[PDB]
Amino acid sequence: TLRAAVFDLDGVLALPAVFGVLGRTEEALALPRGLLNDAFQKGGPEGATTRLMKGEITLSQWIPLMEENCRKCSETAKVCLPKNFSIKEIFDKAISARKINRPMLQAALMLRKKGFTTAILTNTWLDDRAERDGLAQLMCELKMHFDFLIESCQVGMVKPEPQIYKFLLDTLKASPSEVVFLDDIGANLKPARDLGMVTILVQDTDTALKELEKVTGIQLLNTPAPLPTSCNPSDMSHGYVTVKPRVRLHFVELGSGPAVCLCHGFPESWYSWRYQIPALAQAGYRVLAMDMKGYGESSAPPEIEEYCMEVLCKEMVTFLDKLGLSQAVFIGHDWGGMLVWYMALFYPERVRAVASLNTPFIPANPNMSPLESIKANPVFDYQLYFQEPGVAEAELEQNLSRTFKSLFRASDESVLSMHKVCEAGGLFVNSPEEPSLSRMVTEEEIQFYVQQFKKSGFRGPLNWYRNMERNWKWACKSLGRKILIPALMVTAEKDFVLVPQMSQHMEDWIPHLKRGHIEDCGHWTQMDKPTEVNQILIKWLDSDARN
C-alpha cells in the first residue's frame, strides 16, 4: 500500500536538532524557561523567523531581528541577558553541532532500495553566514540519497501550512495513503493525517524506526551493516585529457581538495573504485578515478611499446601537467599499484604520497631476467600465456560476460586455476560456460565491464604484460634510489597471486613505509572488502597526505 517515505531534516535525519539549542541555552544560562524559544517564534505567521523560513530574508538578516526580540522577551519577563550573549554564536555552534542521524539515513536508504520514493521535507533557510559551507556539505551528502529535497525557503511555503503538503503529494506523484511522513514536531504531523498519509512522531530514533519498520513491513532496525555508497556512472563527471597526439586518457572526478589519483589494474576500469570514489570524496579529497591507458574511454593503441611502464608514467605526468596539478596522491592496485611505485621512484616531485593495494614493490634483479624470474613462480605461469599476441585476446574477448564473471570472484568462490594455465592451454580450459554470480558483483555491475571492454577489447590491457624486458631495464636505473615519501602498503590475506609475504622486505627500500592488511580478502580488494579499504585509505590520507 505504501510507496513513499518523507523525512524531516532537523530532529529526524540530523541531530542534535537545531531548534533544541534554544532550551539548552536557557538552562545553561539559567534563563526563564522559554525566554529564547518565545523570541524565536514571536510574531507567528507574520513573524521574522517565518519570513526567514520562506526565503523572504537571508539568515544573516534574521539574526539581528532575532536579537531584538530577546531584548523585549526578556524585558517583559523582567529579566536580562549575559554580556557575552550572541545569537550568531549560539546558532553557529548549534548548526555545526548537528550531524546526520546515520541509523535514520540508513533506514531511508533501505526503503528506497526496496522500491520506495524518499524525500526530505524541511523548513530551512538561505544560509549566508561566514560558515554557510558547513550546512552546505551536510545537505550535499544527504541530497544524493533522496529522490527529492523540498526546502521551505525554496518553495516559499512552510510547515504546517497545508499548502506545502499538497505540493509534496504533487511532487511525489502519489496519493496521501501511500505516503509516510516522519517529523519530531506534532503540529507538523496533523496536516499529513488530515490529508490521509500515515505519520510517525519521531522522538527517539529506534522507536520511530520500529513504528516505521512495522507500518512499512520491511526490516529496518537491527539490520546488517550495508555497503558504502556506490557511484552511478551516468551521474559522474567525466574528464578527458590528451596526453599525446593520439593518446587520450579518461577519468571520473568527484570531490574537492588534495587530488587523489586512482589507478586500476588488469583487467578493470575506473569503476573498480566505485566504493571508494564517494567515500574518499566525502573524506575531503578530490578523487580522480582513472581509466588507465588501454581501458574504457581511454585511447588503446595496438603498439606494445605504447604500454611499457616508462611511457605509462610519462603520460601520467603529462596528465598532471595538462590539468595544472603540481602533485597528486597516487593510489594503485594490481598493475596500478606497480605504476604508482614507479611514479614515486621516478617522479617524487609529483607524488604527494603513494599507496598500493596487493601489489608489492620489488626492485628488479640486475642479474636474473624477468622471463627467468617469472618462470620461477608457478602462479605467474599465466603471465607466460599472455606473451604471444592474439592468443590471450582470443579466449578473453570470446565471451566477455563469462570472462568477467569468472575473474571477479571472492577467495571462497574461485573457478580459475592460474596453476597450470599454460599446461591446460587456456585460462578457462576447465571453467564453466556460465559461472555463478560472485557475491561481490551484481549482474549489472558485470555488464558495465562487458560494455567497456567491447570498445578497445583486451589487446591494450594485455600489452601491459608484454614489456617485461623494457620495464626491467628501466627499473635497474633506480636500484640506487629509495622511496622516502609518504607510502602505504595494503596487503590482501586471501590473494593467491599477490601474496602478502611478497612485500615482507619492502621496508628495506621504503624505510618509513606504513602498512595495512585485510583478513579473508581476495585479489579484487575494492570489490571484496570496500569498507575496510576506505577506512584504511582515509586513515592514511589524513595522517600522511593532507598534512
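For the two forms, the rigid core is made up of the largest set of C-alpha atoms that agree within 1.5 Å on superposition. Residue numbers run from 1 along the displayed sequence.
Enquirer: After a rigid core fit, does 243 to 251 or 408 to 416 show more C-alpha displacement in 9 other deposited structures of this protein?
Expert: Farther on average in 9 other deposited structures of this protein: 408 to 416.
Enquirer: Could you settle it for me: does 3 to 11 or 536 to 544 have the higher average Cα B factor in the PDB entry?
Expert: If you average the C-alpha B-factors of 3 to 11 and of 536 to 544, the larger mean comes out for 3 to 11.
Enquirer: Comparing average C-alpha B factors as deposited, tell me which of 382 to 390 and 300 to 308 sits higher.
Expert: The stretch with the larger mean CA B-factor is 382 to 390.
Enquirer: Of the choices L172, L323, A353, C73, which one's C-alpha carries the largest B-factor in the record?
Expert: Answer, based on the entry's C-alpha B-factors: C73.
Enquirer: Could you check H333, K159, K473, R102 and tell me which one carries the biggest Cα B-factor in the deposited entry?
Expert: Comparing C-alpha B-factors across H333, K159, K473, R102, the maximum falls on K473.
Enquirer: Please place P278 in the lowest, middle or highest third of its chain according to the CA B-factor in the PDB entry.
Expert: Lowest third - that is where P278 ends up once the chain's C-alpha B-factors are sorted.
Enquirer: Just say lowest, middle or highest third for the CA B-factor of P191 relative to the other modelled residues in its chain.
Expert: Middle third of the chain for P191's C-alpha B-factor.
Enquirer: Taking the chain's C-alpha temperature factors as the reference, tell me which third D508 falls into: lowest, middle or highest.
Expert: Middle third - that is where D508 ends up once the chain's C-alpha B-factors are sorted.
Enquirer: Just say lowest, middle or highest third for the CA B-factor of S60 relative to the other modelled residues in its chain.
Expert: Middle third.
Enquirer: Consider only the C-alpha atoms of the modelled residues in this chain, order them by B-factor as the entry records it, and name the third containing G426: lowest, middle or highest.
Expert: Its C-alpha B-factor, which the entry lists for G426, ranks in the highest third among residues of this chain.
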